[PDB]
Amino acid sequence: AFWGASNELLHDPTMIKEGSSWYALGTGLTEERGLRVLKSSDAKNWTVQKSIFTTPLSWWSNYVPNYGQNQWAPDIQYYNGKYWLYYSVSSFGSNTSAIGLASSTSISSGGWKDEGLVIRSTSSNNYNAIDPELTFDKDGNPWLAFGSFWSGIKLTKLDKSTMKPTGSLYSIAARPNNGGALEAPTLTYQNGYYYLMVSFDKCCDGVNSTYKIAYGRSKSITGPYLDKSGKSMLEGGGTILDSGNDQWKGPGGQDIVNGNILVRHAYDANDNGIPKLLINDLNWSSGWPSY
């Protein structure tokens, strides 16, 4: 079922439970520094907390010299006794970007240790190092998906002791004939399959907001991810979970929480087109994700 939509603005959400509260994190407000943090007791009515990175980290300028003041598209998990917070440092439209990592033993305390650079991109790369997603393979070991535009969604294994990349960089979703207009991966292993969801974006309106949520599955984490029709996500495949409705436009930025909750943003046609946090239960019983 549909849990509801938030009061508070949130874009590119991730969410996690800590004690008697839920925390939802998102892209920082454009006019502020850092990452946006919301807290609630009911996952519906949220209060805005002090942001993460109200002070920027000094190393960011070494990789993204004219980074925008807000950081983007956080991702969080608790693993091996710590919270791991991946996030994006970038500037609007650019593929000169970096994904950073911070760690904590408590979200409510608001203390984060800088773990440094995860992966970066420059104009010389055919991908954009934003929109991280931490996932776990069938052996419980960590991997990172990321990407936005250019040749699309990438995947690397992570070293379980440093939480940074190891091995080769794999390609797992692309839209070669629609301008590379996809972003924001989320990836989970359920019932013997790897599932990849991505946001398909508008390619051609000069704004490139999210538009639909699309999915595919694969027996191996490195793909190919195939949609319900059998089409590979590397060739623009992806079955549409959600294309919005009368009130809620451009759903995207989706993240799978606890295996069976889907959070996402969508833009409120009844409230100035502001992106809000929408949450549904997720069912996998069909072989595929469903509301």
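Counting begins at 1, following the sequence as shown.
Between 116-124 and 103-111, which has the larger average Cα B-factor in the PDB entry? Between 116-124 and 103-111, it is 103-111.
Comparing 142-150 with 202-210, which stretch shows the greater average C-alpha B-factor in the deposited entry? Higher mean C-alpha B-factor: 202-210.
Chain-relative CA temperature factor third for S20: Lowest third, going by the recorded CA B-factors of the chain.
Among all modelled residues of this chain, ranked by Cα B factor, put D255 in the bottom, middle or top third, i.e. lowest, middle or highest. As the PDB entry reports it, the C-alpha B-factor of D255 lands in the middle third of its chain.
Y195 CA temperature factor, ranked by third within the chain: Its C-alpha B-factor, which the entry lists for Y195, ranks in the lowest third among residues of this chain.
Check where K44 lands among this chain's C-alpha B-factors and tell me if it's the lowest, middle or highest third. Its C-alpha B-factor belongs to the highest third of this chain's values.
Split into thirds by Cα B-factor across the chain's modelled residues, where does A181 land: lowest, middle or highest? Lowest third.
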